[PDB]
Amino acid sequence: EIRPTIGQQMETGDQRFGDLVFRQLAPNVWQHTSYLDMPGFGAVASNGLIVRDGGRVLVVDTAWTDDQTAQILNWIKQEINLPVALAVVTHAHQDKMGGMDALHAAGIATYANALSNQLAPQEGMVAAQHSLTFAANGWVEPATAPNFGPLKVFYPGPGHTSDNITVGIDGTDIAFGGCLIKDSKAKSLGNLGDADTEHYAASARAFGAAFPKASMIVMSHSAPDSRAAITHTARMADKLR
């Protein structure tokens, strides 16, 4: 059993598949979890999403590595057995974009914030194939996100990074904050090295206001939580200013 140093532990309802863990969150939504092993420190878990939208699958975030991301595709083939149409990746860091080459090799169309694509090489990441742009209110420009089905992509402003984006799943209780949101019991906002400490709190609140209905808040390094994760993240961020 994988017991992360950072990230949620395995609980009942989790399925181990190769080096990864999968958890069903709703009839057509699963959380993928992958682990980066740091010698002398242990494993760091990272979470993304898998969405079945009719007859295709949509992915939110890669795993840490190409091989782990290929394992996600293999899990999809074995458990869902539908074509993977596209992926949205939520900023240019390894936990979110480390497996882009695996998606590209499989013929999967990839999308990221234009800024993520611009930062990608500087951050050691392969850029997505397509760039999302955003209105001043944070909502994705519709023509840059064609055929996204239930995915509602929102740029909340600079926080964890300047490029961080978020994704709601229409028809479900779920909104995904990626690395921007930490859980309601976290005492740290994680790595603030690339963070905007002035604007973080407003960005966390903007995420909450963009997806006001969502009751299940999914994030990169904790199990899904209530909206208290948003409130708590914003309150920790208030202390940075």
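Rigid core here is just the name for the largest C-alpha set that superposes within 1.5 Å across the two forms. Each residue number is its position in the shown sequence, starting from 1.
Per-stretch RMS Cα distance to the displayed form in 6 other deposited structures of this protein, following rigid core alignment, is highest for 34-42 when 51-59 and 34-42 are compared.
Higher mean CA B-factor, judged across 31-39 and 174-182 from the recorded values: 31-39.
In this entry, 186-194 has the higher mean Cα B-factor, the comparison being between 186-194 and 60-68. Sort the modelled residues of the chain by CA B factor and residue 161 lands in the lowest third. When the modelled residues of the chain are ordered by C-alpha B-factor, residue 51 sits in the middle third. In this PDB entry, residue 82 carries a Cα temperature factor that places it within the highest third of its chain's modelled residues. In the PDB entry, a CA B factor belonging to the middle third of its chain's modelled residues is recorded for residue 121.
For residue 220, the recorded CA B-factor ranks within the lowest third of the chain. Only modelled residues enter the ranking.
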